[PDB]
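# Coordinate analysis (summary)
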4 protein chains.
Amino acid sequence: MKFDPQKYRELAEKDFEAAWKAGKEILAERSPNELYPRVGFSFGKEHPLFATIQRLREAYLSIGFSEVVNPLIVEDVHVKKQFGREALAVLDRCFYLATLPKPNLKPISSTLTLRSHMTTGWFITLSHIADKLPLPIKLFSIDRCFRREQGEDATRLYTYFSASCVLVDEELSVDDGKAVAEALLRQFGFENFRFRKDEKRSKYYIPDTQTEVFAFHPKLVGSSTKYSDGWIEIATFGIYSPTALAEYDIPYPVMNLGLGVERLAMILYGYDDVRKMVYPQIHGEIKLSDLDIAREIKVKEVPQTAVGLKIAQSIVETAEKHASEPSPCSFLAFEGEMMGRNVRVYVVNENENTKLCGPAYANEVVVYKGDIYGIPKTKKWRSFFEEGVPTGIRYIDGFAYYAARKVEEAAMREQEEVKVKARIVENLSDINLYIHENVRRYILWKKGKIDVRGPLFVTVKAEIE
Amino acid sequence: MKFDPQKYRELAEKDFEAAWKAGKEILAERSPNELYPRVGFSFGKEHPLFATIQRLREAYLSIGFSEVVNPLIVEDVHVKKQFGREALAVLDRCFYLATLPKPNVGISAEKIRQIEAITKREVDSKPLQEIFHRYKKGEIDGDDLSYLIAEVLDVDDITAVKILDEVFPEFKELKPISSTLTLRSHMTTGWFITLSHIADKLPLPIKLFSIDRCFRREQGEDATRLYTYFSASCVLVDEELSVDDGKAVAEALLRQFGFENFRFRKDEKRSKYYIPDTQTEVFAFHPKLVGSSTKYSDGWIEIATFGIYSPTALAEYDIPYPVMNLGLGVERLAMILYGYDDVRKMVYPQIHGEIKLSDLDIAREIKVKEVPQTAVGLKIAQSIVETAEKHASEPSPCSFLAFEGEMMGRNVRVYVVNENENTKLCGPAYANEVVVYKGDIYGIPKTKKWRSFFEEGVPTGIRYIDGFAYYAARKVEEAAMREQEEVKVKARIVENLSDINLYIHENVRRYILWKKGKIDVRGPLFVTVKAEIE
Amino acid sequence: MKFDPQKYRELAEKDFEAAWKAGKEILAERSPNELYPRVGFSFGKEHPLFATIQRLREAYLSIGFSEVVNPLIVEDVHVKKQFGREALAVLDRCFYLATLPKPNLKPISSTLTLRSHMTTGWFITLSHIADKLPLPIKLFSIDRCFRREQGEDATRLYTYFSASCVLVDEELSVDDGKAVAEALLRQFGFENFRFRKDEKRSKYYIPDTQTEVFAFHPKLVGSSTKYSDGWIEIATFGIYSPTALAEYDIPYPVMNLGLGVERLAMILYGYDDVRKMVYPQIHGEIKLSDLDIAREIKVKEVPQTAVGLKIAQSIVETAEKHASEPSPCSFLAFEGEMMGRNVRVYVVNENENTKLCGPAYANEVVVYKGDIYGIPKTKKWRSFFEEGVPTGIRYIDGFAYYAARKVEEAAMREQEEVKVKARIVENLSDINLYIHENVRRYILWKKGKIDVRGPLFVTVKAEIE
Amino acid sequence: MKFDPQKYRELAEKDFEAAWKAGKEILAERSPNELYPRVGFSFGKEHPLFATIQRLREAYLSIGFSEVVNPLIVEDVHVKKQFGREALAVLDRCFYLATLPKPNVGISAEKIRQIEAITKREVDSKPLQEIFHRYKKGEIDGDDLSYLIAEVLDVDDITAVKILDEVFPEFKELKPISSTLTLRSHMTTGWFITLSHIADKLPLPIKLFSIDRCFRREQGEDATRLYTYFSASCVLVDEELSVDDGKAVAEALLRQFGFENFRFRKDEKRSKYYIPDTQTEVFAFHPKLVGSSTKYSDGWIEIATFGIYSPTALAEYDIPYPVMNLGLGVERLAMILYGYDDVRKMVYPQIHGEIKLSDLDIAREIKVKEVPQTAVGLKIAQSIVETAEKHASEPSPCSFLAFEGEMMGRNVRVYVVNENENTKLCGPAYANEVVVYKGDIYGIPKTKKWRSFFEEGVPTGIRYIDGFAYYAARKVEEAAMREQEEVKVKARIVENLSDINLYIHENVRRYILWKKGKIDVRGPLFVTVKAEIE
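- What the entry reports as its method is X-ray crystallography, with 3.30 Å given for the resolution.

The structure is reproduced here in structure tokens:
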């Protein structure tokens, strides 16, 4: 709360520490659902695909390549202009754009196609600058592409992200393509590189230039896959055929390196199933931390009055000690008045031989590995208490508030007495605690479980007159 | 050059100032194309579009929303689930994914295929009527190097590219076949699918965003729209929602891009997927816009849209809770930020010939053709400058010793002369520099008339004589190989760079023209350099 | 609110649009302090100094230079090792580190000094790698420095940020220093560059290499300063003297370019007074947008019941039309019951000749250029309404809630009748509206003003029995 | 090389495959140091410290806090205002700003200054007893080029650097004088000052952060602390606050750096500026730590501190509202993130000799000394390979024509021979490659014994013969200048790179040693190359 500079200012002149301890007065008093971890900040979280993409843009920029956006929708006449006589073989794997005919039904395919890879648009973009700008030209672009490869879902998908770049100079070896791969690929951890000529020998790449980069990343050695040796084919590249360049008037050669993003994204953040990565919202993959599950566990009914708080706060204060005395046996915990009439609180196990409070009065709720447990803090549960997030809410704590608010209902209902009792704990409601219906459908979905059981055996009678 | 730390230290410890002025020995004597701005560093540059997309990402993340990738290609059945009836109206402005079928090598084109000379072009190889069926079964692109380079011999595709052209005129009959798959017009289409799988399993409120591509059809015109665009979108899932939440987000979002005031109007469309009377149009005022060659002189521009998803479409995906959806269109926001007027010219600039080199970049490309090769020549020219730079007003004729030394092991002595008379040793435009300005290369002299060019353009630092000197510096060294005895190189008038030793790579040359630039390098340089290489 | 998929699902099968409009039912109903712009998200905002710093790191990295952290605290013996015989002249402008002597009072100066510029630490850092790593070496570092230059505050400060870098090769011209300046400086807008030899001729720079970069930035032409010509000295650089390198065993030369950050930061974000930039929290410079001032303007007392809302909501609904009828004249607006007893609301200007509602019943509150106004939406105030942020809260609106909640106090106080009246409006309290005491001390600090005046002249009587 | 778009197009339009295989004409024939990995691109690298500082910034911003710069140098009066009495305890671990006074050229050193030969070293120049007073008034560093280069003649500082050393032994008596100015130990010291000016003028809640330097004194040891460090700090000003708010922030903050679980203990110090019983110590568990050469095997590490500012110190600055303060220490967080064990080795690595080149970087530095210069020689060597690579097992002696052509305009014919007998044309280690592995350069042959080196290291691609071939390729071209007629270059055993034509810049060489690396290039290369250049 807002204090007074002077007041405290002067107050410190006399006995300092007496005024220092006086400071504790400004601290706010917190209710049960107002303290950590039932209250916490949040924050956005980026997707591994995109992250990697940005991480790739910089990587490219860092080795000199300027960014550019290439044509995405194109007339197949281009694929044809490039692949020469192999052009049709390719047009198969590509998609075509079809539209609906205006009924002044049945889509009418057209000559347009979604690019199967960046290269389709490259020749188009390089066509306008290849002979006007000073060499070398270093362009790159990380955008979307569309392939039809078997039209699968498991192995691959309909749209991927190419991390393309092109180098336009008067003289180019396959080497420039080698350098660019290492410079680019190294900024991600890859340490050793190996290149092997590609058999596919795509016709748009000068014969015997098309290569396949193989990079080693220590993050892989030991991986639960065939990438355990540490190496993985991570990118391909070649040098555009004069046959294709000619088709677009590009006089100088051109080196073109392509990077398969979803793969890199996977290597980096360690996902195994591309789909489970790029599309986890669908593939059931969704998680909440124990700390999160925790925060979501909150007291249902809680004392709505200043006194109410100091009531249950006492109820427990006694059970924390008198939960032993051989029952029957009654103890008094509170003495004061709320709203208008004086009040006193009673605690006793009316029943015959046994103890006052059940053996579960001291069971704390903790979340662990996805499950919500109700357990005593015994040298047996340690790991659950030292690897999970202990709610901080104990059985008696959970209980108290219920009573401290239940007598609060009688205090305003004119009533004179109420006997709030509690035996077993079949779940949370029984311990006066809840979780939004959604975290619930969650726990189940993530096939986790809630084990909040226990013999509380504690009753509280209160009289207001 | 590297020096000796000890020496330079034990000498400086005693005598400092002497060591200091000595340092100059470690610097490097650069030739002519080894000087600024003939030398420089290069750096990559980002594209306004991708740039904004990044800013946009951070922006969102900075307000709670977590990133997600939504379904791009979807069954139009979804659209018809998000518009009920008004669906068709949309699917007209959408694209469907067509695709080439396989060469029907059976039935229709089989019977009449078995009534001619099946095969004449000698190829033999047992009837691979199954290796062709595995095609009408499941093949792809990287499968040609199997039924040729491993079938009818012949490497990779040296005969496969034509064997499928001459003997197989069939393939040239395939036609893409439309389907029910579509390229989402806007993000929303994919939100229902994604929110579908989690609208009730994760804790509320749900804040998700995604800046990805979307395809639309609108009068095939590069100007009045583009086939593909970007849509920085977000969805807010929570129990209780009001259009306010749409504003609150639109505010906090735009506010990180300058915009200082917002106004929201109700959209006329009144689309079906949005609750009735919630589809809002958000207008924001941004300073950079105040007074411009645009229609947003007053500063206000409509930058996004948003509304609540009808509890109707939500059910179509079994989503219990209501959901807010804001949709900032990137391309514009980018133009406003990076100052562009024409969408197409901005996003796709190389294509629209919007390339451009700077004064400084042109100046950097103007190299010196004929340049020395021996430490001597470097001095010969360096010297030819001295005598020619000083004795510029000497009523010709008249020789002038410029250099005296041994080059390549031969006594060398070159002089700066003039043949005619009634004039001066060197022409008037001998001390003319090449200044690039406003995109045109110039060969002018410093004046109170040219100031504008030397203080706005960027001087190359090369003057006609400085250019020539290097040409001569080469000739003399040449004779030092042809062991001649007398070379008298001479240059009259200047009409271009050639007549100055200067030049520029062909590409920069074409740029100049393409850009309507102009090179102006003329003037009386007149100054011969007679050499006496013994 | 959470709806039912099926219910709405089927409901749409019959008449769609009847079910569509049925959708409006899920939308939450908002109270006065719950709608825009009295509710809005917030977000961090970086400081121009730092921003520019990061923006500088990338710039450097983008031209190849790797990052490194140099020594900050150093024995003056270094300044001495470098400046040779000029070393003392320098030691003047530098600070020294002094500590308190442990009393088993008066600080005891020491031999340590806070670096006056990066160069002091450069020689130290280059000492270990200059001859072990492959050339060229390109290092950079943007860190803090300490100068004593006149020990001023106005002109300059005690600590600045140097954006240093060093280039270690076998052969180096002054040119490398020129290139690096343009490459670095261009990534910020600077278009044309001019270098002039520095007279200072610092002794640690090979004689006649020390230069001063002058860069042109169109963002300056027309500036309200001497940087109107567009050019500004933005950085200096030279080539380390063999005399100094020798002192640290560096065999090869070294080019060193230094960038004065606070200046660049200023050019970029356009601040004139460095201090008003780097330290605005102190120099009174603190702002809130009209939109912000707006959001902070909220209804004080508002209907705490479901009905209460639909009450004031009606009170206004009538004044919005009957604020004309020649007074006296009474109208009824509400008919229903709250909590338990039926209720009716009256509105009349008991007084003699005039109109029912004062001429200010339709005055909306809007914030503009820093002031909080209470004005009618007349074709005279337009600009205030089209450049500012209209609260949306009008006089009657502000009023209503007061009444609708005032009768709510009688409804629970057992009472039978209440006459809430209102004549003039001397300020906000009078219109039932407030602003946190802090935005208030703000408006004043930013010497802005609040003009919420007006003759509301509107009374409301209500009877509950 | 550039080609002709037309030609290559009108030829491919008719005959494709023919144009294709023709493309190879435009590629470039690279020499030997023009191949990978002898050629490569370079990129800058960030420093873990600055890196984390950036992440840290974003992190904060991502949770509402706005950036601010706080007072670094402050009057210890502030500290004494934030600890009341326990102040001194702090000021001991702080640094005070001392500073050199001015040469007292008056009184004490004036009287005895006027009883000797005032000036003998001829300098004259009217009594500048005022130009020296303006020094005891207000001078600086850039003021020497005024009372010398514009006073007693002599350029800049050629005589000013010694005139102040010989005739002025005074200066060598100055001593820094302590003051009351200090270098803030932690951020907090500056927060009070900054929060001072706005704690009540801006809207609540206030969220400010700042990742800046701070200086501390703790047993002058680079290991057990450092004089300067970084403190990513923040302050939360609001009416009602509880230690919870300290946790909530600590959580949301650390959570963006991996840490998955937190535990907060109450700090024993119980510092004065923090309310009693609020100074909390925050502990976070981060996976990267589980089981390590550190003391955090269990994953938990104490990463930050926080508490509420005593309404006491707050008043000392007239701050009405309470304030939360969290203080993440950067350097550690950086180590955990970038995996470092020793503070000093991480932040200041060059100094602690923690430099390192990679296998691939070393392989890139191994160049070829003697390399051809004429298109011919490139083939001569290229050829010397063929004949020597094939006829490797030919019981010597025996010549072998390798090249037949005209070099520089002279009939050239070189042969691969052997003099001795009972052996083979080329030695056994003729086909040995130079593979860099584990930091040592090797000259080994491919084997089932060396696999580990060819699959883990990085081969240079140069084999002894491949190296030699280039040496020879040079000799022959040399005689083409000395117009000789017979050069018989020969190489016996190999002991180093020199005996292979290979070499590495001196700096990489020193690196190897400094790093305890090892070069191993030995073996019988034996293979002479007799040339017959007519």
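## As for the overall build of chain B
- Counting its regular elements, chain B contains 17 helices and 22 strands.
- On C-alpha atoms alone, chain B measures out to a radius of gyration of 37 Å, which is more than a quarter above the 24 Å that the 2.2 N^0.38 rule sets for 534 residues.
- When each of the 534 residues of chain B is scored for burial, the buried share is 54%.
- Of the contacts made within chain B by residues no fewer than 6 positions apart, 71% connect residues no fewer than 24 positions apart.
- If the 75 positive side-chain charges of chain B are averaged to one point and the 83 negative ones to another, these points end up 3 Å apart.

## Description of the UniProt feature "binding site: substrate" in chain B
Residue and element names in this part refer to chain B.
- UniProt's feature table lists "binding site: substrate" at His186, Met187, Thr188, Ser231, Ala232, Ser233, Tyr273, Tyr274 and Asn325, given in the numbering used throughout.
- Within the element layout of this structure, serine 231 appears in strand β6 (residues 228-237).
- Residue class for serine 231 comes out buried when judged on its relative accessible area of 8%.
- Residues in contact with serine 231, not counting those within four places in the same chain, are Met187, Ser210, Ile211, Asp212, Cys214, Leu328 and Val330.
- Mapped onto the elements of the fold, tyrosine 274 is located in the loop between β7 (261-266) and β8 (280-285).
- With relative accessibility at 3%, the residue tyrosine 274 sits in the buried group.

## Some points on the domain arrangement of chain B
All names here are of chain B.
- Here the domain parsing of chain B yields domain 1 (28-41 + 356-534), domain 2 (42-99 + 177-355) and domain 3 (100-176).
- For domain 2 versus domain 3, the distance between C-alpha centres works out to 47 Å.
- Contact residues are listed per partner, giving four residues for domain 2 and four residues for domain 3.
- Counting the surface lost from both domain 2 and domain 3, the interface buries some 270 Å², and carbon and sulfur atoms represent 59% of this.
- The largest per-residue losses of area from domain 2 upon contact with domain 3 belong to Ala98, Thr99 and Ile177, which jointly make up 98% of the total buried on that side.

## A look at the sheet that holds strand β9 (residues 211-216) of chain A
Residues and elements named next belong to chain A.
- Taken in spatial order, the seven strands line up as β1-β6-β7-β11-β10-β9-β8 in an open sheet, and their pairing is mixed. The sheet terminates laterally at β1 (66-67) and β8 (192-197), the two strands that pair on one side only.
- Two strands pair when backbone bridges link them, and strand β7 (residues 159-168) and strand β11 (residues 255-259) are joined in this way by three bridges, in the antiparallel orientation. Looking across to β11, one finds that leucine 167 is bridged to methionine 255.
- Strand contacts of helix α7 (residues 175-186): β7, β8, β9, β10 (231-239) and β11, with the helix running at about 30° to β11, the strand carrying the most contacts.

## As for the packing of aromatic side chains
All names here are of chain B.
- What the rule picks out here adds up to 78 aromatic pairs over all chains.
- On the basis of an interplanar angle of 35° and a centroid distance of 4.2 Å, the ring pair of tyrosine 437 and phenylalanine 453 is categorised as tilted. Of this pair, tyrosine 437 sits in strand β14 (residues 433-437) while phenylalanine 453 sits in helix α15 (residues 451-456), placing them 16 residues apart in sequence. Each member of the pair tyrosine 437 and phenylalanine 453 is classed as buried.

## What about the nonpolar core?
- Ranked by internal contacts, the top residues of the largest apolar core, which has 584 residues, are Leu257 of chain A together with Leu257 of chain C.
- Setting aside residues no more than four positions away along its own chain, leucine 257 of chain C makes contact with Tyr60, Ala163, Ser164, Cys165, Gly177, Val180, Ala181, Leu184, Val213, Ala235, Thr236 and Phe237 of chain C.

## What to know about the interface of chain B and chain A
- Every contact between the two is made by 81 residues of chain B and, on the other side, 83 residues of chain A.
- For the pair chain B and chain A, the summed buried area comes to about 7100 Å², and 60% of that belongs to carbon and sulfur atoms.
- It is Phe50, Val69 and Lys201 of chain B in chain B that bury the most area against chain A; as a group they hold 10% of the surface buried on that side.
- At the boundary of chain B and chain A, one finds 11 salt bridges.
- The partner of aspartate 143 of chain A in a salt bridge is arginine 213 of chain B, with the nearest N and O atoms 2.9 Å apart.
- In this assembly, chain B and chain A are joined by 32 residue pairs in polar contact.
- Elements that contribute at least two residues to the side of chain B that touches chain A include exactly α3 (48-61), β1 (66-67), β3 (96-98), β4 (181-183), α8 (188-196), β5 (206-215), β6 and α17 (506-514) of chain B.
- The dominant element in the side of chain B that touches chain A, judged by the number of residues it contributes, is α17 of chain B, at six residues.
- A class-by-class count of the residues in the side of chain B that touches chain A yields 42 nonpolar, 18 polar and 21 charged.
- Bridge analysis of strand β3 (residues 96-99) of chain A against β3 of chain B gives three bridges, and the strand direction is antiparallel. Each bridged residue has a counterpart across the sheet, and for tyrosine 96 of chain A the counterpart in β3 of chain B is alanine 98 of chain B.

## Let's talk about the packing of helix α3 (residues 48-62) of chain A against α3 of chain B
- Where α3 of chain A contacts α3 of chain B, the two axes come as close as 12 Å, and the packing angle between them is 135°. It follows from the interaxial angle that α3 of chain A and α3 of chain B lie oblique. Viewed along their axes, α3 of chain A and α3 of chain B form a crossing whose handedness is left-handed. Of the residues in α3 of chain B, those touching α3 of chain A at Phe50, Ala51, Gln54 and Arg57 of chain A are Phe50, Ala51, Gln54 and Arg57 of chain B.
- When grouped by side-chain class, the residues that make up the contact of α3 of chain A with α3 of chain B number four nonpolar, two polar and two charged.

## Quick word on the environment of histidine 47 of chain C
- Mapped onto the fold, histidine 47 of chain C is located in the loop between α2 (16-20) and α3 (48-62).
- In this structure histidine 47 of chain C comes out as buried when scored by relative accessible area, which is 3%.
- Here the alpha-carbon distance between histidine 47 of chain C and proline 32 of chain C, two residues 15 residues apart in the chain, equals 35 Å.
- When near neighbours in sequence (up to four residues on either side) are disregarded, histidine 47 of chain C contacts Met277, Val278 and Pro280 of chain C together with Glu67, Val68 and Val69 of chain D.

## Let's talk about a nonpolar patch on the surface
Residues and elements named next belong to chain B.
- Residues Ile149, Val155 and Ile158 make up a contiguous nonpolar surface patch of roughly 220 Å² in combined accessible area.
- With respect to the helices, strands and loops of the structure, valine 155 is situated in the loop between α6 (135-138) and α7 (160-163).
- Since its relative accessible area comes to 45%, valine 155 is described here as partly exposed.

## Considerations on the domain arrangement of chain A
- Each domain of chain A was delimited in the assignment, giving domain 1 (47-286) and domain 2 (287-465).
- If you average the C-alpha positions of domain 1 of chain A and of domain 2 of chain A, the two centres end up 61 Å apart.

The rules behind each value
The numbering scheme counts residues from 1 along every chain following its written sequence, independent of the entry's numbering, with residues that lack coordinates not shown. Each chain takes a letter, starting from A, and each ligand takes a number, starting from 1, following the order in which they are written. Although these chains sit within a larger assembly, the values stated refer solely to the portion shown. Side-chain numbers come from the whole structure's heavy atoms, not from hydrogens or water. Going along the chain from the N terminus, every DSSP run of H or I of four or more residues is numbered as a helix, and every run of E of two or more is numbered as a strand. Note on method: radius of gyration uses C-alpha positions; expected globular size equals 2.2 Å times residues raised to 0.38. A 1.4 Å probe rolled over the protein chains alone gives each residue an accessible area, and that area as a share of the maximum for its type sets the label: buried under 20%, exposed over 50%, partly exposed in between. Should any heavy atoms of two residues lie within 4.5 Å, those residues are considered in contact. Charge assignment: positive for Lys and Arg, negative for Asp and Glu; neither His nor the chain ends contribute. To locate a charge, take NZ of a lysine, CZ of an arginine, CG of an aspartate or CD of a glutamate. UniProt positions are given in the numbering used here, feature names are shortened, and annotations may be inferred rather than shown by experiment. Domain delimitation follows an automatic or database domain assignment. When two parts are put together, the accessible area they lose, computed with a 1.4 Å probe and summed over both, is reported as buried area. One requirement defines pairing of two strands: DSSP has to find at least two bridges between them. Inter-axis angles, ranging from 0 to 180 degrees, are taken between N-to-C directions of lines fitted to C-alpha atoms, where helices are fitted over the stretch in contact. Planes of paired rings set the category: under 30 degrees apart is stacked, over 60 is edge-to-face and the rest tilted, where pairs are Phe, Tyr or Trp rings (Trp by its six-membered ring) whose centres lie within 6.5 Å. Side-chain atoms within 4.5 Å link the members of a nonpolar core, which is a set of buried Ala, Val, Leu, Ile, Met, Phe, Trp, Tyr and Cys residues. A carboxyl oxygen of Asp or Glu within 4 Å of a side-chain nitrogen of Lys or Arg is what we treat as a salt bridge. Contacts described as polar in this section are N or O atom pairs within 3.5 Å, which, within protein, must combine one atom able to donate a hydrogen with one able to accept it, while residues neighboring in sequence count only if both atoms come from side chains. Only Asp, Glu, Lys and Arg are considered charged in this grouping, and only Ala, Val, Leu, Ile, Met, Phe, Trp, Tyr, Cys and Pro are considered nonpolar; every other residue, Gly among them, is considered polar. Orientation is classified from the angle alone, with under 35 degrees giving roughly parallel, over 145 giving roughly antiparallel, 65 to 115 giving roughly perpendicular, and any other angle giving oblique. Left-handed describes a crossing whose near helix is turned anticlockwise from the far helix by less than a right angle; the clockwise case is right-handed. Note that patches include only residues with greater than 30% relative accessible area and no salt bridge, and the join distances are 9 Å for like charges and 5 Å for nonpolar side chains (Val, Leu, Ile, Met, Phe, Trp, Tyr). Computed with a 1.4 Å probe, the accessible areas rest on the Shrake-Rupley method; for each residue, only the protein chains presented here act as cover.

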